[PDB]
Amino acid sequence: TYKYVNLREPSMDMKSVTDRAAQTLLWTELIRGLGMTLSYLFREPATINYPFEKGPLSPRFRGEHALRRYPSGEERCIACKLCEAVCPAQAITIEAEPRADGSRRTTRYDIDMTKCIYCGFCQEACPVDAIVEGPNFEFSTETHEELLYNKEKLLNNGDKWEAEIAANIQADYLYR
Amino acid sequence: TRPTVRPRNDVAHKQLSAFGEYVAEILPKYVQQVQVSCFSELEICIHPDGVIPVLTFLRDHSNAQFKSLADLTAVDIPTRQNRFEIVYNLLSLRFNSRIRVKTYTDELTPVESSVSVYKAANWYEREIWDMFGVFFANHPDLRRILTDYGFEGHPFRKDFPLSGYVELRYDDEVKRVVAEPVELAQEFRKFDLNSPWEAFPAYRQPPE
Amino acid sequence: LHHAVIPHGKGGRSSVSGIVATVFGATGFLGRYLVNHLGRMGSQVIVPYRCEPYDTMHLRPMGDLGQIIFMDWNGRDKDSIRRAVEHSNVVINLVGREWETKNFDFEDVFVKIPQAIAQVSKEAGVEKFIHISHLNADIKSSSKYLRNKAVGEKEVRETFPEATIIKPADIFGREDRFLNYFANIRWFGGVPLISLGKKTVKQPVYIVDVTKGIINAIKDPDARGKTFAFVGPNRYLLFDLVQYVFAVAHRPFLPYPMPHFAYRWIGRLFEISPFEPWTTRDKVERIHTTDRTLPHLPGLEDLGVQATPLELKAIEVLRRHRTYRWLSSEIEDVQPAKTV
Amino acid sequence: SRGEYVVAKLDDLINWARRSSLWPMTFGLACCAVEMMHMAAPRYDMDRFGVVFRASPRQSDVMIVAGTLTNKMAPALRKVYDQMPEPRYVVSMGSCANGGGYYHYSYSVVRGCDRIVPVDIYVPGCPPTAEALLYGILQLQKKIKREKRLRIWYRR
Amino acid sequence: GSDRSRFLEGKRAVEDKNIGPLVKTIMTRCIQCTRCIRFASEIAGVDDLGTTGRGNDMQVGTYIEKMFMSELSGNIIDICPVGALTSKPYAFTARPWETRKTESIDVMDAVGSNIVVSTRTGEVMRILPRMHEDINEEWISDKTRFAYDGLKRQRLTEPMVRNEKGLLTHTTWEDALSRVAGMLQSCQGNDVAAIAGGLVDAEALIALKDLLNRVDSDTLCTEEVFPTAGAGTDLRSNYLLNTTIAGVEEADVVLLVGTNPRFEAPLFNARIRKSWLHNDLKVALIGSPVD
Amino acid sequence: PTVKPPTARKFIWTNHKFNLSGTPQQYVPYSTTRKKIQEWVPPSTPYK
Amino acid sequence: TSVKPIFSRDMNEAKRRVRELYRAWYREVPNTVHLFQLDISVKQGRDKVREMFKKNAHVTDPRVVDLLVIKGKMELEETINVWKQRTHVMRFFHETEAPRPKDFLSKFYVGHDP
Amino acid sequence: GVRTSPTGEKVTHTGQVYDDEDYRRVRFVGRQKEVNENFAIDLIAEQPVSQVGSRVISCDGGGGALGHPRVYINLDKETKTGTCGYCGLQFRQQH
Amino acid sequence: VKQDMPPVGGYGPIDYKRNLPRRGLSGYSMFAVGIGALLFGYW
Amino acid sequence: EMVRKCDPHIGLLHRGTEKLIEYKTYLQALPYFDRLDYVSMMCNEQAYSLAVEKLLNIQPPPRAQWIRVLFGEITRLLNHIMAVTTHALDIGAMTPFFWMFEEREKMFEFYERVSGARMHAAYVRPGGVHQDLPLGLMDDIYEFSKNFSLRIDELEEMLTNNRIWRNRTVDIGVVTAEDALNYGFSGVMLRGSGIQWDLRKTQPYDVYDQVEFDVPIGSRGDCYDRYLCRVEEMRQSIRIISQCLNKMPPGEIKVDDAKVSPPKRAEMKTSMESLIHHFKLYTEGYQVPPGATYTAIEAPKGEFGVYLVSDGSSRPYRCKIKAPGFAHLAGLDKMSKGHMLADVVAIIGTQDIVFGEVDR
Amino acid sequence: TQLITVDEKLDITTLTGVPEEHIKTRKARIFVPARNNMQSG
Ligand SMILES: CCCCCCCCCCCCCCCCCC(=O)OC[C@H](COP(=O)(O)OCCN)OC(=O)CCCCCCCCCCCCCCCCC
Ligand SMILES: NC(=O)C1=CN([C@@H]2O[C@H](COP(=O)(O)OP(=O)(O)OC[C@H]3O[C@@H](n4cnc5c(N)ncnc54)[C@H](OP(=O)(O)O)[C@@H]3O)[C@@H](O)[C@H]2O)C=CC1
Ligand code: SF4
Ligand code: SF4
Ligand code: SF4
Ligand code: SF4
Ligand code: SF4
Ligand SMILES: [K+]
Ligand SMILES: [Zn+2]
């Protein structure tokens, strides 16, 4: 159930000794290595053409966060603070009060995108699928505070990417 | 109890109880308690004067043969007067087993270094100097190994806070990365999560 | 006072200072250390920049998030100034050019732009304005710099009646043009002077002292409308000053007199390039101008600043110019220069 | 004017020369070094963009701070950045280098590498994928493309 | 309990009520434990909560549109083990794991109820009682529970002085303390005096007493006019509740003269009622015939 | 989406925007909550 | 009250070890100013070392001053071997920190600190 | 349903807009205050009241496992409709 | 149930060993080629 | 150039992991372990999962254990590609680096399909695994393992027979067996030095006593025998992936003790007890019985161990992390004596040192 | 004898690395935590 790597006693007959001396003088394994390199010279390379092509992904991908909505216009977030409770980086800050129709909604929903570790506990802790971690990963910014999303940027990302996040959750929610 | 509950290994429990009685009745000078956990692991709680004479037994004895030092660990507990709980974990490759040797100290009592028995601890208890402040006499290069060079204090003591007492920022005045008192932009929000209902009745502590 | 501008915290980086500063000319030498010293109190600093944004990059590590706001501005543009200073409560003016260019003379930089900034800061409701003039600025000087800067001094004083005018005497530092000018005439031919430079008297003031003076001028309500004269504690001749410069850097030193026959013409001999000028005739007329003594004005003693002299920081400045053979030297090797 | 067009084309040439052959330095710290090596790997392939490693800080342009910035390597990072010739750029890769990350409240973590060096392009993630890092590098090229160095010099 | 369900039917939906602007009532969540009724009958003594219905439709309600307004009517927010009775000012605003529980003292009445101000990120969220056997057993009045949001309106924040017109405007502490001490240094005798309020601790009172003893001014007064005739305040036994609050549980006859202890000191009335209930106390009230 | 079109809503954007960094359309963070402590405003009448 | 010592039996040998550590730092300070090419003087450095020694001047516990000797030897070994940098030596000279309030009136003015 | 302050700044659905003398509008000078313009309280008013004929109605937000957890609403109040606790929809017993 | 499972007949066997094809001539053949090249060059 | 003293100063990446674990609950403190050894993510998840499940006195379902072993061997392929290719990169052969990172890119696509993120999955949780395999994943894992053995073959064609490689690894850092046991070496550092020890064979965890594989044992204890041991562990990992894809059992992927693993979101929105358990697992978390375990597994670097002390509450009281690279980098001081500057780089290559878990 | 006599006050304020500002201006509070009246445990 175990094997001995490098426990080969080489043969000491004049045929194999002449073969190893020919390997030493005439460099057989060097030509073998150069031949393997030459065999990779004549292949199709695996360089995809970004940004006109895109790297392959899955519908489970963890990218930019967003707050979704029902198919009636109402925002899903009912201010229940599970997403900031299970947040391992404590990137989420939630401050809530009843709004003008008495419904339990947030007033501050901040996800610090530089504390956030993109592990997706908030998309699985949210009982109403309000916060989701959508498809976008090309949201690099030139300044640090543009990576401190408030509620407004997350609702705008939800309105931006809803046409994709709805199909991804539609394809994926049977596993969850 | 068939799908989800862990299968109990009574063989390991009986063999570790026999070997715990063995190590107890050989060394009554240093071995204080011998316990076997419910998940079949052995713990030999000893006195800090027996760091070398216990381990040198377990490194050498023909029915111990714990040749490997897997992990040396200190656990700080503030409510005890001997607050540091230094934990030796030993692996015997021939007897296919592990033992745990648990000693104790406060901040000022030195614990004897075990580099003469296992050289592997040459960093580990050295780390216990850096992370806890437990001094290990007769150690060759005992100095800090994980913290920064200008770090005053010992981090993994539980009276040391989560964020430190200094932060580093670059400063263009003196053209230098300097240390200033920390002011967190967001406070570390501590969550009082301990539910007041008794989760495990078999671990109940009897009252005063 | 407004609830967001109430000073909080222990005065560190993430504290709130109660200071909203608009630092014009912040991408130079004084604005560098001024944004550095304001950002460690947590002051919301508006930085108007004219240059490339890359040249402003070294201002970004000087504060917390959102405590430095960069924005474009032009000097002949009232709209940019009113767009930049309307939310502040102190406007510091550090706009200066040691040399005139094709698009800006000294009249644009010292008379037009400070009067525009002070006029807008009056007519937009700013409580504190701070202007920076030179100590030798006079109406009838032989240099264009000091004449235009004294005229701009009088204009800023008369159009904003509480403008804290500050007179630093001669500032030395790391990115200066005072010790870096005296040390970077070494391989040109022998440090030219007039009558061996023993005829003009200076007192150099240190830049951290000037910056702490600007901070204490922002803090002090008693410092409204004054005309401060920031000077160093020790007065020097120019000759033994340049002795001390070439004696800290451990350099050869053979000065020579270059008279007024041809040492104003080495300007038009030595700025034939249109680039950043090494010398000019205004630099010649200002280095060979003595520092006037104005004891009646309040100085660094009258804002709670201990003035740090030359000898404790000249090694920090001029370690850059030693070749290799005395980089492992000390401050206890060079004898300090003679005061006057 | 005419010379305005001359310095405009000169800015176009030198900004193209600087954004077309950015040379990153071999600087990784943590998990993001693996994904930066994936951004060098034959799928996403930085080297097609003229983006090739030089280990010396003297001969590099962009410093991808890929990992976590502790206290013990803050002056090392500052001296490495100071030993890069101007123009030099900084891409902050990953959440720990951006704003403290998963170890933001720790006792020995510098909360973001913008406290130490000036940072141009923040690439968020934990780790950002090699495609996202490549997006940050191409956004850095779009940032270098709209520089106006000689135009501002002619207009100063 | 078990970790999953066997129920596959349609649940019940119990109608909400309206019992006041303090106790938000969502009766779907009730479990019919009847702590409402036992509290409102035995301790609060109001007798306005009951069970209407028989079987699974047994609704803990009032059967009328009555507004349950007692002096202790918020304490059903404490002892309801489910979320059927919530605190309407505290409703939707916080969540208990993040609350920093800081132990403190009520000042709204003279009972001095041991409380916990539980906060969140440096802002007061709610006020709970502490279980303390001699004072406030585990109850508080409604003023104690719901007066935290008067603590965040119309607050004084900055020093304010009269300008040349006679209007109060903001100023620093140097200017304000200079303009107070410049008048203070020109006073002596009874030319300076002090009125104390209702919510001021002993440290500030003794600080201002020593300050006016630097001037030799003994005229320092309170809002509440206690008679200084006789022993006055000299012996302590003529202005205290000399027995205890717990000593009400040892008495048999309690005389109340001119007071309304329901509203002046509500948990003292709750202790009087507990002695009335369990000890068969006799109470006589010389004063107005109040409920 | 030419074969399986996405499901339409009233709130999804009719104009997808690219990354708006560096432009005047760049995101600015701010507090989305109102003022907590109501400060006392003095009556502006004379006090006699 | 009978506990195991570290290196010193009583206060006399502990004072001897503190004294030899101060000897080592007094010898060390000119080398630290020289090879790190600092901007400080030997007078200023030795007065700061005097301040660092007098910061712990209230201890009569022999084990505590033994551990202070050992940690001073660690600082010394991190200074002789160039393991500290310029910044780790200049962290003792708190130069970038603003001057903190000391009296009652300024601490009253700036915040709620006792 | 966004309205505009007298200062010149948009109003969120929370109700936050800065003062005229608050300095923190200077972060919006030269940039834009990214607010949402699909207000949820104005989009939930366009939903008609669902006329149902039961006494206890079961609302789950639609979709089955993609909505909120399924709750039960009593509808015996005829003056007030039965508002769902999560989704903001509302029902009515038609008799 | 519909779940990620292996197919009906399982999977095919997977090679996990070394395969170095033993190419090239013998030693005598390589020295014969080299010495013949020497002799032709010399002639 | 003859090196007389190697002092490896560490702590340049010490980010205080095992103090931050003491303030965060068990689900919250899982993704720290992905970030310790950042090429052996799910193996560290598996070690912490076995520690928490040993304290909780529960066990995973069978399908979750087979998924853990399958992705543990995919992670072993990741770590040994990283080890071989960076040990060749630190010498100068930078070509099989670029060859094998296409295969490692495909395995990160497998992680991106099975969990969503490419490196730090947060997948292997205490109670089994978090999410069941997507449809069509095992077909791609079979189509990957059908092609990866040729990649191992051509890598061994390049570097094993090459004399320039053998001159850099034959007599470099010989480790004697008794001093290997003395210095706390574990895993490959033992097995290259002739010591027969593999924690999947001797102290077996979840289903390694059902899959059949071989243990590569060296003969001289140099860099070269450990190179051959890593190549052969890639061979045996292909063997174990074949045996796991042929023997994947149906069923669930979490433990059905719903007080430990969260319920399905389909029944979280339908049942009451499932919503209460979802709420209290994602806000408080689950309580753990009080006690101290040291669960140690065979990460591809060696013994990766968690000494977890649980006070009874839903947060760990102590979580000590034993890394293999810590004791290996301790043994660096003996291993580099008698060699030069260009051999210390090869010794740091043959001990696969990821400093995130060396520093914690 | 290997045991020394220490009758001095057991003080480690110079060994925990804590600055002086967080020793002589901080008020530690030892208390049994009161029961949350929402709950019965
Ligand atoms: C009086 C009249 C003259 C005035 C002074 C003129 C001085 C020289 C000017 C040279 C050209 C300057 C303009 C440079 C390009 C400006 C336009 C531009 O932005 O083009 C971009 C385009 C590539 O676009 P990009 O975004 O990089 O592509 C991403 C992939 N889609 O880029 C391209 O398609 C290629 C750009 C090539 C640039 C020209 C070729 C290099 C320069 C050769 C001459 C100078 C060389 C001197 C000697 C060097 C050593 C041989
Ligand atoms: N000799 C001295 O050092 C002393 C100087 N002062 C005064 O203090 C001030 C600061 O001095 P210092 O830091 O040394 O000078 P600098 O040359 O170092 O910096 C001046 C700054 O002003 C800006 N500026 C100047 N003119 C214009 C313009 N027309 N349009 C836009 N920006 C402009 C420059 O920006 P950009 O790069 O975009 O042009 C630069 O950032 C000056 O006003 C100076 O006269 C006072 C006493 C002594
Ligand atoms: S992905 Fe993780 S770290 Fe990020 S906000 Fe969600 S729970 Fe927090
Ligand atoms: S995002 Fe979800 S989990 Fe977070 S508070 Fe809103 S509804 Fe609750
Ligand atoms: S941001 Fe996260 S994943 Fe990235 S290097 Fe840091 S710890 Fe690793
Ligand atoms: S106390 Fe709560 S659970 Fe009990 S009867 Fe009242 S509403 Fe129902
Ligand atoms: S938190 Fe308690 S009262 Fe509220 S819905 Fe859940 S079980 Fe019912
Ligand atoms: K309740
Ligand atoms: Zn609903």
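Residues numbered from 1 in each chain as written, not as in the entry; some residues may be left out. Chains lettered and ligands numbered in written order. Part of a larger assembly, values for the part shown. Heavy atoms only, no water.

The deposited coordinates, according to the entry record, derive from cryo-EM at 3.8 Å resolution.

### Quick word on the interface of chain B and chain A
How big an interface is tends to be reported as the loss of accessible area on association of its parts. Across the contact, 4 residues belong to chain B and 6 residues belong to chain A. Roughly 490 Å² of surface becomes buried between chain B and chain A when both sides are summed, with 30% attributable to carbon and sulfur atoms. Three residues stand out in chain B for area buried against chain A, namely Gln186(B), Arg189(B) and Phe191(B), and they jointly supply 89% of the buried area on that side. Two residues, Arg189(B) and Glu84(A), come together in a salt bridge whose shortest N-O distance is 3.3 Å. For the side of chain B that touches chain A, the per-class residue count stands at 2 nonpolar, 1 polar and 1 charged. (Contact = heavy atoms within 4.5 Å. Buried area = accessible area lost by both parts, 1.4 Å probe. Salt bridge = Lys/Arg side-chain N within 4 Å of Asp/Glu carboxyl O. Nonpolar A, V, L, I, M, F, W, Y, C, P; charged D, E, K, R; others polar.)

### Things to note about the packing of aromatic side chains
Scanning all chains against the criterion turns up 64 aromatic pairs over all chains. The interplanar angle of 65 degrees and the centroid separation of 5.4 Å between the aromatic rings of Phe188(C) and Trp278(C) together place this pair among those described as edge-to-face. One end of the pair, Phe188(C), is in the loop between helix 5 (179–183) and strand 8 (192–193); the other, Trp278(C), is in the loop between helix 8 (265–270) and helix 9 (281–287), and 90 residues separate them in sequence. Owing to a relative accessible area of 44%, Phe188(C) belongs among the partly exposed residues under this scheme. The exposure class assigned to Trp278(C) is exposed, which follows from its relative accessible area of 61%. Three or more aromatic residues link up through ring pairs in this structure, and these residues are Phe84(B), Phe132(B), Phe151(B), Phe156(B), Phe160(B), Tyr165(B) and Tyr107(D). The cationic tip of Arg76(A) hangs over the ring face of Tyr70(A); the distance from NZ or CZ to the ring centre is 4.5 Å. Sitting above the plane of the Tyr145(C) ring, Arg286(C) keeps its charged end 4.6 Å from the centroid. (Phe/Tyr/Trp six-rings, centres within 6.5 Å; stacked < 30°, edge-to-face > 60°. Helix = DSSP H or I, 4+ residues; strand = E, 2+ residues; numbered from the N terminus. Buried < 20%, exposed > 50% of the residue type's maximum accessible area, 1.4 Å probe, protein only. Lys NZ or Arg CZ within 6 Å of the ring centre and 35° of its normal.)

### Regarding the environment of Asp148(B)
For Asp148(B), the position within the fold is in the loop between strand 7 (136–137) and strand 8 (166–171). Judged by its relative accessible area of 7%, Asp148(B) is buried. Linking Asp148(B) and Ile77(B), residues 71 residues apart in sequence, is a C-alpha distance of 25 Å. There is a polar contact of 2.9 Å between the side chain of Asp148(B) and the side chain of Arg91(G). (Polar contact = N/O pair within 3.5 Å; in protein donor to acceptor, adjacent residues only side chain to side chain.)

### Here we look at the sheet that holds strand 2 (residues 291–299) of chain J
All names here are of chain J. Strand order across the open sheet formed by 3 strands is 2-3-4, with antiparallel pairing between neighbours. In this open sheet, the two edge strands, each paired with only one partner strand, are strand 2 and strand 4 (316–322). On average, adjacent strands in this sheet sit at an angle of 15 degrees to one another, irrespective of strand direction. (Pairing = 2+ DSSP bridges. Axes fitted to C-alpha atoms, helices over the stretch in contact; angles between N-to-C directions.)

### Digging into the coordination of the potassium ion (ligand 8)
All names here are of chain E. Here the potassium ion (ligand 8) is held by the protein donor atoms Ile77 (O), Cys80 (O), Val82 (O) and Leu85 (O), which lie 2.9 to 3.1 Å from it. Residue classification places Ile77 among the buried residues on the basis of a relative accessible area of 6%. When its relative accessible area of 24% is taken as the criterion, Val82 is described as partly exposed. (Donors = N, O, S within 2.8 Å, 3.2 Å for Na, K, Ca; no water.)

### Regarding the interface of chain J and chain B
If you look at the interface, chain J gives 61 residues, while chain B gives 61 residues. Taken together, both faces of the contact between chain J and chain B bury some 5,000 Å²; the carbon and sulfur share is 57%. For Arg143(B), the salt bridge is made with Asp7(J), and the minimal N-O distance between the two is 2.7 Å. Our count for the chain J to chain B interface comes out at 22 residue pairs in polar contact. Put simply, the parts of the chain that give the side of chain J that touches chain B at least two residues each are helix 1 (17–20), helix 4 (41–55), helix 9 (177–182), strand 2, strand 3 (302–310), strand 4, helix 14 (324–335) and helix 16 (355–359) of chain J. Split by residue class, the side of chain J that touches chain B holds 28 nonpolar, 16 polar and 17 charged.

### What to know about the pattern of salt bridges
Taken as a whole and assessed by the stated rule, the structure comprises 127 salt bridges over all chains. For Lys3(A), the salt bridge goes to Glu232(J), with nearest N and O atoms at 2.7 Å. Residue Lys3(A) is located in strand 1 (residues 2–4), and its partner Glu232(J) is located in helix 11 (residues 223–245); the two belong to separate chains. Because the salt bridges share partners, they merge into one network encompassing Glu41(B), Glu43(B), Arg80(B), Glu85(B), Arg100(B), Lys102(B) and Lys54(J).

### Focus on the site of ligand 2
Around ligand 2, the structure places 25 residues, and the nearest of them are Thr27(C), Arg50(C), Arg97(C), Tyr145(C) and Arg177(C). The site occupied by ligand 2 is bordered by residues of chains C and D. Between ligand 2 and the protein, one listed contact pairs an oxygen atom with a backbone N or O atom of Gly28(C) at 3.2 Å. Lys149(C) is positioned such that a nitrogen or oxygen atom in its side chain is 3.2 Å from an oxygen atom of ligand 2. If you list the elements that add at least two residues to the shell around ligand 2, you get helix 3 (106–123) and helix 4 (144–159) of chain C. Split into classes, the residues belonging to the shell around ligand 2 amount to 13 nonpolar, 6 polar and 6 charged. (Near = heavy atom within 4 Å.)

### Points about the nonpolar core
Membership of the largest hydrophobic core comes to 180 residues, with the highest contact counts inside it found for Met63(D) and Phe33(J). It is helix 5 (residues 62–89) of chain J that contributes the most residues to this core, 13 residues altogether. If we skip the residues at most four places from it in the chain, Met63(D) touches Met25(D), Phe27(D), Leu77(D), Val80(D), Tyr81(D), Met84(D), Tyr89(D), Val90(D), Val91(D) and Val117(D). Listed in part, the 85 residues of the second largest apolar core include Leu55(B), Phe84(B), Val117(B) and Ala121(B). (Core = buried A, V, L, I, M, F, W, Y, C linked by side-chain atoms within 4.5 Å.)

### Let's talk about a nonpolar patch on the surface
On the surface, a cluster of nonpolar side chains totalling about 510 Å² of accessible area is made up of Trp173(E), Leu177(E), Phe104(G), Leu105(G) and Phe108(G). Element by element, the count of residues in the nonpolar patch is highest for helix 5 (residues 104–110) of chain G, at 3 residues. For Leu105(G), the location among the structural elements is in helix 5. (Patch = residues over 30% accessible without salt bridge, like charges linked within 9 Å, V, L, I, M, F, W, Y side chains within 5 Å. Areas by Shrake-Rupley, 256 points an atom, 1.4 Å probe, with all protein chains shown as cover.)

### Things to note about the sheet that holds strand 3 (residues 92–98) of chain A
All names here are of chain A. Strand order in the open sheet formed by 3 strands is 3-4-6, and the pairing between neighbours is antiparallel. The sheet terminates laterally at strand 3 and strand 6 (148–149), the two strands that pair on one side only. In this structure, strand 4 (residues 104–112) lies alongside strand 6, joined through 2 bridges in antiparallel fashion. In the sheet register, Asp112 faces strand 6, and the bridge partner there is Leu148. The sheet contacts of helix 5 (residues 151–172) involve strand 4 and strand 6, and relative to strand 4 the element is tilted by about 90 degrees.

### Let's talk about the site of ligand 3
In the region of ligand 3, 13 residues are neighbours, and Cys87(A), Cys116(A), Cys119(A), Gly120(A) and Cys122(A) sit closest. Here the shell around ligand 3 is built from residues that sort into 10 nonpolar, 2 polar and 1 charged.

### Comments concerning the state of the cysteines
Residue and element names in this part refer to chain E. One pass over the full model with this rule turns up 0 disulfides over all chains. Between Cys187, a free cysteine, and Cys221, which holds the nearest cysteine sulfur, the sulfur-to-sulfur gap is 16 Å. The class for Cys187 is buried, based on a relative accessible area of 12%. (Disulfide = S-S within 2.5 Å.)

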